[PDB]
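Peer 1: Top line first, the protein sequences correspond to chains 63, f3, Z3, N3 and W3. Reading the first sequence from the start, the letters are residues 27 to 79, 99 to 118, 120 to 124, 127 to 209, 213 to 218 in the deposited numbering. Reading the second sequence from the start, the letters are residues 48 to 66, 77 to 138, 144 to 193 in the deposited numbering. Counting from 35, one number per residue, gives the positions in the third sequence under the deposited numbering. Counting from 47, one number per residue, gives the positions in the fourth sequence under the deposited numbering. Counting from 38, one number per residue, gives the positions in the fifth sequence under the deposited numbering.
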Amino acid sequence: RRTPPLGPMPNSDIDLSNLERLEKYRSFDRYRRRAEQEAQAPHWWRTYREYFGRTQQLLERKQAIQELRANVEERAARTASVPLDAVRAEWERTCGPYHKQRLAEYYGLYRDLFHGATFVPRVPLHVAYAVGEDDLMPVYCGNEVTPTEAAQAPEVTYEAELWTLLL
Amino acid sequence: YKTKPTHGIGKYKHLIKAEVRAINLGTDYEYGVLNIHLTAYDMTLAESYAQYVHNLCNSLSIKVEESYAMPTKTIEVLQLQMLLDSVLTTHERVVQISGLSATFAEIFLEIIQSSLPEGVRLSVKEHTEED
Amino acid sequence: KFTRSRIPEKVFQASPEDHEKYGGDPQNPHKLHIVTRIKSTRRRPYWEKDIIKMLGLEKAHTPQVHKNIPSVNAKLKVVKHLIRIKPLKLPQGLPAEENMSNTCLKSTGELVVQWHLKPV
Amino acid sequence: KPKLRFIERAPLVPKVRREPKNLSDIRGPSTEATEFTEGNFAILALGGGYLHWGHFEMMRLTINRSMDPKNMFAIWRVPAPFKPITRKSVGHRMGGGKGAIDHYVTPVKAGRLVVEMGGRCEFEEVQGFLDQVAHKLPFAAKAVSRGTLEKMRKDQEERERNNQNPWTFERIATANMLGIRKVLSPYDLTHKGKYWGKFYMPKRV
Amino acid sequence: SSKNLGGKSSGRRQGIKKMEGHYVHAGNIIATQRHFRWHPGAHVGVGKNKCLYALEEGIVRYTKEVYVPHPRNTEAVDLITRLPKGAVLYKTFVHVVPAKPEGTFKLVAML
RNA sequence: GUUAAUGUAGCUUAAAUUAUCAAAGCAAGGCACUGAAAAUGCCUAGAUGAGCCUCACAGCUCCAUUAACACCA
RNA sequence: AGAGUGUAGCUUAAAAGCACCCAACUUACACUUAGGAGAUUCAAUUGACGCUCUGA
RNA sequence: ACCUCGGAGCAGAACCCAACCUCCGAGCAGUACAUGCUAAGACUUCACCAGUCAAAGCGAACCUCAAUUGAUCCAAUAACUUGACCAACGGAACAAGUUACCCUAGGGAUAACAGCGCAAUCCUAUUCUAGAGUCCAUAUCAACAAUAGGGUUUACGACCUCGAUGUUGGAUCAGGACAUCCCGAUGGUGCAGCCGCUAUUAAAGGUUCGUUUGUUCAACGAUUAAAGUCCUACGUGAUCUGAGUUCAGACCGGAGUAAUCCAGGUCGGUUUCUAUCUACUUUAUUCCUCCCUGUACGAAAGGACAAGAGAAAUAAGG
RNA sequence: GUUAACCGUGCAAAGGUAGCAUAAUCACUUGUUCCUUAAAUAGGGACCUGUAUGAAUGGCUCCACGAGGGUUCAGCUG
RNA sequence: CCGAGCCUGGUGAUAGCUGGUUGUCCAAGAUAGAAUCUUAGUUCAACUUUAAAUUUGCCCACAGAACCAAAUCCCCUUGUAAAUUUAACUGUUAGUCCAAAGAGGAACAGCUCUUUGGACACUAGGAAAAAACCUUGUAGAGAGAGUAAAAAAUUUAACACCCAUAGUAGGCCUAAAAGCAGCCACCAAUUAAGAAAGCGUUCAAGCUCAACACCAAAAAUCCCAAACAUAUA
Ligand SMILES: [Mg+2]
Ligand SMILES: [Mg+2]
Ligand SMILES: [Mg+2]
Ligand SMILES: [Mg+2]
Ligand SMILES: [Mg+2]
Ligand SMILES: [Mg+2]
Ligand SMILES: [Mg+2]
Ligand SMILES: [Mg+2]
Ligand SMILES: [Mg+2]
Ligand SMILES: [Mg+2]
Ligand SMILES: [Mg+2]
Ligand SMILES: [Mg+2]
Ligand SMILES: [Mg+2]
Ligand SMILES: [Mg+2]
Ligand SMILES: [Mg+2]
Ligand SMILES: [Mg+2]
Ligand SMILES: [Mg+2]
Ligand SMILES: [Mg+2]
Ligand SMILES: [Mg+2]
Ligand SMILES: [Mg+2]
Ligand SMILES: [Mg+2]
Ligand SMILES: [Mg+2]
Ligand SMILES: [Mg+2]
Ligand SMILES: [Mg+2]
Ligand SMILES: [Mg+2]
Ligand SMILES: [Mg+2]
Ligand SMILES: [Mg+2]
Ligand SMILES: [Mg+2]
Ligand SMILES: [Mg+2]
Ligand SMILES: [Mg+2]
Ligand SMILES: [Mg+2]
Numbered sequence: 027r028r029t030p031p032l033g034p035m036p037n038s039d040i041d042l043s044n045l046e047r048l049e050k051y052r053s054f055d056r057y058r059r060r061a062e063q064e065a066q067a068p069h070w071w072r073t074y075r076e077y078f079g099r100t101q102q103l104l105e106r107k108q109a110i111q112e113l114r115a116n117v118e120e121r122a123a124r127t128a129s130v131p132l133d134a135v136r137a138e139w140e141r142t143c144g145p146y147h148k149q150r151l152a153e154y155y156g157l158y159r160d161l162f163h164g165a166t167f168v169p170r171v172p173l174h175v176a177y178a179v180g181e182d183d184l185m186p187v188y189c190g191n192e193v194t195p196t197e198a199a200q201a202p203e204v205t206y207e208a209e213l214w215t216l217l218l
Numbered sequence: 048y049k050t051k052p053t054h055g056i057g058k059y060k061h062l063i064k065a066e077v078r079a080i081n082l083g084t085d086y087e088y089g090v091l092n093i094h095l096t097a098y099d100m101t102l103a104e105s106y107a108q109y110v111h112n113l114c115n116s117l118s119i120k121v122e123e124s125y126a127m128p129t130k131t132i133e134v135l136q137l138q144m145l146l147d148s149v150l151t152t153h154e155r156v157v158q159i160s161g162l163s164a165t166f167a168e169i170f171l172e173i174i175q176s177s178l179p180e181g182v183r184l185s186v187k188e189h190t191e192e193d
Numbered sequence: 035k036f037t038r039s040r041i042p043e044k045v046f047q048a049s050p051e052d053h054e055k056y057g058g059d060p061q062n063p064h065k066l067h068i069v070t071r072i073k074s075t076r077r078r079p080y081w082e083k084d085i086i087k088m089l090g091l092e093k094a095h096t097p098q099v100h101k102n103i104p105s106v107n108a109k110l111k112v113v114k115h116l117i118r119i120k121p122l123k124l125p126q127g128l129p130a131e132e133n134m135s136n137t138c139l140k141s142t143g144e145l146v147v148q149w150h151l152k153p154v
Numbered sequence: 047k048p049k050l051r052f053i054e055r056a057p058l059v060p061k062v063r064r065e066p067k068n069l070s071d072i073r074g075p076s077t078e079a080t081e082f083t084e085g086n087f088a089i090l091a092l093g094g095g096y097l098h099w100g101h102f103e104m105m106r107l108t109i110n111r112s113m114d115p116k117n118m119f120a121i122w123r124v125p126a127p128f129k130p131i132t133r134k135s136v137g138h139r140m141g142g143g144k145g146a147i148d149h150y151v152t153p154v155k156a157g158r159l160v161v162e163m164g165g166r167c168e169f170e171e172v173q174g175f176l177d178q179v180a181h182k183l184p185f186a187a188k189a190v191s192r193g194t195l196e197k198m199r200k201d202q203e204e205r206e207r208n209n210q211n212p213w214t215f216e217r218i219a220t221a222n223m224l225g226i227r228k229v230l231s232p233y234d235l236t237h238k239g240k241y242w243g244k245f246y247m248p249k250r251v
Numbered sequence: 038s039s040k041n042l043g044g045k046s047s048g049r050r051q052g053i054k055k056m057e058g059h060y061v062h063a064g065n066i067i068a069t070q071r072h073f074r075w076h077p078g079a080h081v082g083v084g085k086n087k088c089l090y091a092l093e094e095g096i097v098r099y100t101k102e103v104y105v106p107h108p109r110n111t112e113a114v115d116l117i118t119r120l121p122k123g124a125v126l127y128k129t130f131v132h133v134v135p136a137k138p139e140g141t142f143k144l145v146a147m148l
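#1: In the DSSP assignment, find the unbroken beta strand (DSSP E) run with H132 (chain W3) in it and report its ends.
#2: Output, in sequence order along the chain, the residues in the stretch 100-120 of chain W3 whose CB is closer than 8 angstroms to any CB in chain f3.
#3: For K128 (chain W3), return the contacting residues in chain f3, with the cut-off set at a CB-CB distance below 8 angstroms.
#4: Does the contact criterion of 3 or more C-beta pairs under 8 angstroms hold for the stretch 98-110 of chain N3 versus the stretch 51-69 of chain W3?
#5: Between which two residues does the beta strand (DSSP E) harbouring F102 (chain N3) extend?
#6: Using three-state DSSP, classify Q98 (chain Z3) as helix, strand or coil.
#7: Please list, in chain order, the residues of the stretch 43-62 of chain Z3 that have any C-beta partner in chain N3 closer than 8 angstroms.
#8: How would you label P153 (chain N3), buried or exposed, when you count the other beta carbons within 10 angstroms and need 16 or more for buried?
#9: State the Cα-Cα distance for the pair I72 (chain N3) and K182 (chain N3), rounded to the nearest angstrom.
#10: Are three or more beta carbon pairs between the stretch 80-89 of chain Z3 and the stretch 104-116 of chain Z3 nearer than 8 angstroms?
#11: Under 8 angstroms, Cβ to Cβ, is there at least one residue of chain 63 near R98 (chain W3)?
#12: Between which two residues does the alpha helix (DSSP H) containing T111 (chain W3) stretch?
#13: Could you work out which residues of chain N3 lie near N41 (chain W3), taking near to mean beta carbons separated by less than 9 angstroms?
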C-alpha cells in the first residue's frame, strides 16, 4: 500500500543527477541555521509546534559612524567600554518601547490587562520606591522589589505632557 | 498504519554520495583529470601559486581533487666552467583538476598565465604516475 | 496469506444508470436497511462469524432493520456477500401506538401499517 | 557486430551463497524490458519459464546458422544466467540442507522480449526460423513484429471493450464480491484474471 | 552435512509498546529498539539499550521534526558536512504532552 | 557420496615464525680421464585468491592428492 | 532618437542576511578563530544621470 | 553432523514464527574505579527461573560492546567474596563397549518384503531441422531442445499391515496387455532377385534342449518359422522345492585390548495344516521335400513368388 | 629415479624370512594358460599385486582314515 | 522351556507400554508455546470448565509507527453482550487436508516445515462411492411448503492456371566453375522474364518459381449406467 503525499515533500527540489555540482554545506553552523529556520514553516505532516505552541536620521548615522571610526586612532580595537547610562538614555527613547512590549507579551500582560490587543508604550515611566531616604529603587518592566520597599508611594516621572495612572 | 504518506520524510542515502577521460562527443574534451605543474627553484613561490590556483578553482567552481607534490629534485650547479659549486634544488607542486567547461578553458588558462609568478614553470598534461 | 479483505471505496459509488436500474436516489436516501442473511457463516472466517452475530442474523432468511449510518454500513461492508440488503421504504409512515399491533413486513420491503386479511 | 555473442554458462564471478528459488520471478507480467529498442522484430514470451544454458546455445545456433550477416542483425534482451539452481546428489534421502550449486538459469516472465532482430528485411523473412526457435523455448512463445505487437495489444484492449458479459474479473476480485478472495490469490488483484501459475492465458479478458 | 548453525536466536520483542494517543504514566516504557527508530523528543529519556522511557505523565505523540545532531557526535557530523545546501534531515520523534499540571496552591492556614 | 590427512629447493626430510642437510644439478681444485672424498656457491611463490595482524605460520576460498567409511533382515 | 529601467556581487532584504578578502592553524582545500572592505544615481508618486536594448 | 548465546533472510509495514533451512558471529577485550547507596514506574525471548530500562532522593563531580555466559546443593574464608568446555550449555555429584545366546513390554506412531503416491532416474511416441547418410534433412540414424503418455529399473515418500500381509530363483499351471519374435496382410527403401531395414494393422497360435552358476541374468554348444517384451503381492510355498539369502555351530582374511563384528568368502542347518464360505470342476497350426524350374530377376554368382501335389511334426479329441 | 639386480632418501623395535598361492583367504575375478566338456562362473596342474598369505593364531608335503564338502571314469536304474 | 534350575517368600515387585474400566438425561467443550537423558512422558503457559466479584470486551475512523504487496497494531463513535479479575480444577499439549504467502526437495509426492484462514475429528444434502471441496449449523412430531449447493463442452489442414526468348559462358577466381563454390557489381533488348528464389550438374544441360499474357495417441481380469440433436425457463 502507498498513500500519496499531501503536501510538497522536503528535499524534493534539490535531488538532481549532478550532485557533484551542488553547494554542499562544509560547516555545521550553516546547517544549524538552515535547520532552525525550519521550525517556523507550517509543515503539513506533524509538528512539535502544533502540540506545544527617516533619511535625515540615516545621514546623521552615516556621518556619526564616520566620525567615530576615524577618531579613536582603532587604537582600542586590539578595549572600549560603551557607557551604559548613555546607552540606556538613548535606548529608552528609541527601542525601549520596542523591547518592553516583548517583556509584556512574555509576561502575558496583554492577555491579562486587555484580553489581548497589544500596544507599544511610547512614554517611558521612571518610577522609583523610597528605600529609607536614599537610594531610590527603580521599578523597570519586570523587576523584583519586595513589599518592604513599597510601603509608601513612589516617585514617578515620565517627561511628557493630562494623564491618569492605575496600579 | 504506517509506512505511509510521510514515507521518505528523512532519507540520508539519495542526498549524500556513496563509495579516466571525459569522452563528451561534439564538445570534444570537456576535460578529465588534468595535472597542472608548478615547478620552481623556490619552494615557497610554487606553494603560493598552488594555493592561489586552488582558491581560483574553488572560486570559479571548477572541481579539484588533489594538490599533491612530486619528490623534489636535487641538482648542484653543473660544475662546468676551476669548477663551480652551488646546490639549487627544484621543488614541485602539482594541482589536479577534475571537471571543466570546454568553451570556458581559455579564460581560466589566460588568468593563470596573467597571474603567473616569477621563475615558475607552468605545465598542463595528463596522468600516469606515483609519488 | 489469506488476510482480511479491505475494499476500495470507488466500488461503493453509484453510476447514474444504476438509479434507473434500482429505484433509489441520492437525494432522499432511505433511512433504514432491511438485512436478511442468505449464506451460512460456516466455511467463512471468524471475523465474519462474529459480525453476523453482532448484526443479529443468526437465523437465515430473517429480516432485521438497521440504521443507514456509515458505521453500520462499514460493518456491512465486510459481510456484504452473506446478506441481502433492501431499503425499508414506507408508503405510510412510522406506526403509532394504536398501529403497532397490526403491521407486517410485505417483502419488496414495504412496511405497511394497516394489515387486514381482506382482498381489495 | 551483427551476430549474437557467445553467452557463457556458470558466470566467471561465481556465486557462493545459495539463494532460494524466489518464485515471483516467473509469475505475472514483466516490469522489465517489454519494448523494442534498436530493432524491428523479436520473440514475445507468452508464459514464464527459466532458461538454461542449453536454450542459449540453441538460440545462438538456430539464428546464426539461418541468418545472413550482411543484411540482418540480432541482440539479446536477457542476461547471462545468474540464478543458481541447487541439486543434491542422486540417491539421497531428505535431510541435510541444500546440496551444492549445479547450474545457473535466468528467469523470464511473460511478455518480456527475448531475442530481438532487425535490419533490411521484413517479418515474413524472419518468421520462418523465428517460429523454428520459438517452439523450442520452454514455455509458450511467439514471433512478433513492432507492428503486429501493437495490433495484438489493440485486440487485447478491444476485447476489454467488446464484452457484453457484465462481470469481469476486475469487477469481482477488487470488490471481493463473493468472499472469493479466500479462493483467489493476492496477485490476482494486480496481474489480472489472465495469468495463472506460470502460464499466461491470452484469450481471457 | 548442514555446514550452517547458530541461528537459533529468539525474537527480541522490541517495538512500540505505547502507540499514539495512549495515556502514559511516569516511568513507563514507550518503545524498545535496536539501531535507532524513534528519537526522544520532549520528556522522553533514553536507557543504555536505547529504550525510550517516558518521563512525565501524559499522552504520547509522534512528530517528524528536523534533526540537529550533537556536535561531538562524530558519526553524523560527517553526514552533516556532506549534505547539500537544500538538505534538512527530518528524523522522527516521540513526545509526551503532559496532562496534570505540576501543582496547584492550596489554602492550609489562616494566620 | 561422506569425514579425516597431506601439500617444499630437482628429489626427500627438517626447523613452532625466521626456513635448514642430503642427495640431484652448476662450475671449479688432484692422477692421463672419470668416479669417491672434500670445498665453494646455486636451487624453497613454503599446493591456493585476498590480507584482521605480518604470515610454513591462521581461519577461510580453494586445486590437486591420500587413507577410513560404501552398514550384522 | 525611443524603450527596459536603477539597494555594495544576489535577493517574493528592509540600512539586512548571504556572498567576497588577509592572517592563524591545514601539503593544500575546507572547518574554526581572528580581523577587513563596503551600498537605495540626484531634487519636490513625478522630474534629470547611469547602464542595457532598439537605431541611423 | 549438531546440542548454549547473538545479528541478518524466510517472517516485505505492531509482535511472534519452524527446519539435518540459507549466511555471519560470541565463550572476550578496553577505560574508569561514586562499576556508590537507595527508590516511583515499566518491559520481558511467548510459562517459570532468568533477564532488562529507570525519573525522584542520599552521597559525589562540575561505561564502549551484540552475544561475551552456568541455577541449587555444595568448597574456602573471620567477613566481603571466589570457584565447572557442569559446551548433552535449565546442569544426575562420579558410570563405556557388545549380544547373531538373547529376553519382555509395545510400535505400522518406525524401518526391511509387498501394496500405494511420485516419475528425479528409465522406456516409447511425437515437434524442430543442426549433422550424418558420396549429393540428399526425413530409405535409415540423430545432437541442442519442446510437448504428451507409460509405471517394467534404481531411488524417494512413510499412507494400510509388527495380537505376523512368509522371501530369491526353480517346478506346476498359466491369465492378460501389445509397445510383435515368427506365422498373415499392406506402404516405403540408398528394394534388381534372394536377403534385409523400417512404418501401419494383427494377441487367433506357438515361442527348444543342454554345460557352468542359487540364479533371474549373462557366457557358450546345438537347433528352429521364432527361441518376444512385460504385468499379474518381483503371478502362484493352506500345491512343492530351500541350492541361495535369512538364526544358534564353525573356520579364513580384516576391524576390535576383549566380548564380538563383516552386502567379504566357505561347510551344516525342523518348510505345519483334517477345507467352514466364495469361486471352480469336460465346449487346428507350422515347417520341410517335390513340382511349378533352376523359370521371374541380374551380365553372372546367386536366385524366388503366387498355383499344385506329398510327407511329417506338435496341439486337440478319440 | 635408472621392469629393474642398482642409486638417493627418510623412518622403524623389526621392516613379511623360508615357503605357499586367486586358496575355505575383501574387492578388481567368470584373473591368464593347459587338461577335462560338443558347450565347463564347476574340478585338477602351473603363472604371482597375497597391497588384507605366512611360520606352534603354526607353515609346507605325505601314508592311512572320514555317515565331512565339492570333481570324476565306469556301470546302473521311472 | 538353563546366557543361568525349580519351589516358597519379599510380592498386589515395577512398567512414561498394551488391553479393560459396568445406570438414564441434558448443558459448556479443539490442539500458540517453553523447558526436560526429553520429543511414547511430565510441569508451567495457552485453550477449556465451574462458582464468583467487578467493568468494559469485541467491531472499529481522522490522526499515528524507519531508516537501510496482501495486510497488521493503536483506535472514539457505532452495532452488540461479553470481557477482566478472584477461587478451584482437571484434560489436550504423538493432529490431517484445502486455499494463500513461502522454504526444502525434481517449480515430485495422499512428502516434510512454519505463518493467515477454513473445514475435519459433529449432524444433514450435493460432487457416483468420499474426513478435508460446495450448501448448512442448536436438535421433537407431520402423509405440508419455499429454497441452498447441485448434470462438461469440444470435431478440426483442397487449391492456383499458363508460360519462359536474349547482350551473357556478367567480370574475378578457378583443371572447371557459365543464375546457382566463393567475391564484386546487379545495368540492359523488346510487351516481359531475377546478372536469379529452390532444386539439379564435375562444368555444362534440364525442371520450376518470380514477369507478360488469359479472365495426435498406447498396458496388462470385463467396455462401462441406459439413453436422447427439435411443443415453448
Ligand atoms: Mg531469527
Ligand atoms: Mg526459534
Ligand atoms: Mg512473557
Ligand atoms: Mg539524577
Ligand atoms: Mg538443554
Ligand atoms: Mg555365529
Ligand atoms: Mg555361541
Ligand atoms: Mg517380542
Ligand atoms: Mg505409517
Ligand atoms: Mg498411522
Ligand atoms: Mg516400499
Ligand atoms: Mg550432410
Ligand atoms: Mg507425518
Ligand atoms: Mg509384517
Ligand atoms: Mg489378524
Ligand atoms: Mg499393433
Ligand atoms: Mg537342466
Ligand atoms: Mg543338467
Ligand atoms: Mg510371490
Ligand atoms: Mg508346503
Ligand atoms: Mg498361497
Ligand atoms: Mg550333513
Ligand atoms: Mg467366505
Ligand atoms: Mg577371497
Ligand atoms: Mg556339474
Ligand atoms: Mg501394574
Ligand atoms: Mg517415555
Ligand atoms: Mg452440546
Ligand atoms: Mg541432559
Ligand atoms: Mg502432508
Ligand atoms: Mg528445360
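We treat Cβ as the ideally placed atom computed from N, Cα and C, and that holds for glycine.
Peer 2: In terms of the structure at hand:
#1: Judged by DSSP secondary structure, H132 (chain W3) falls within the beta strand (DSSP E) whose first and last residues are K128 to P135.
#2: Those residues of the stretch 100-120 of chain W3 that come within reach of chain f3 (Cβ to Cβ, closer than 8 angstroms) are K101, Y104, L116, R119 and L120.
#3: For the C-beta of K128 (chain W3), the chain f3 residues within less than 8 angstroms are, from N- to C-terminus, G57.
#4: The way I'd put it, the stretch 98-110 of chain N3 doesn't touch the stretch 51-69 of chain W3; fewer than three beta-carbon pairs between them come closer than 8 angstroms.
#5: Run containing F102 (chain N3): none in the beta strand (DSSP E); it sits in the alpha helix (DSSP H), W99 to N110.
#6: Reduced to three states, the DSSP call for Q98 (chain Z3) is strand.
#7: For the stretch 43-62 of chain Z3, which is checked against every Cβ of chain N3, the residues closer than 8 angstroms are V45.
#8: Label assigned to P153 (chain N3): buried.
#9: Cα-Cα distance, rounded: 18 angstroms.
#10: Result yes; three or more Cβ-Cβ pairs closer than 8 angstroms.
#11: It does: the Cβ of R98 (chain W3) has a partner Cβ on chain 63 nearer than 8 angstroms.
#12: Note, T111 (chain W3): alpha helix (DSSP H), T111 to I117.
#13: Per Cβ cutoff of 9 angstroms: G143.
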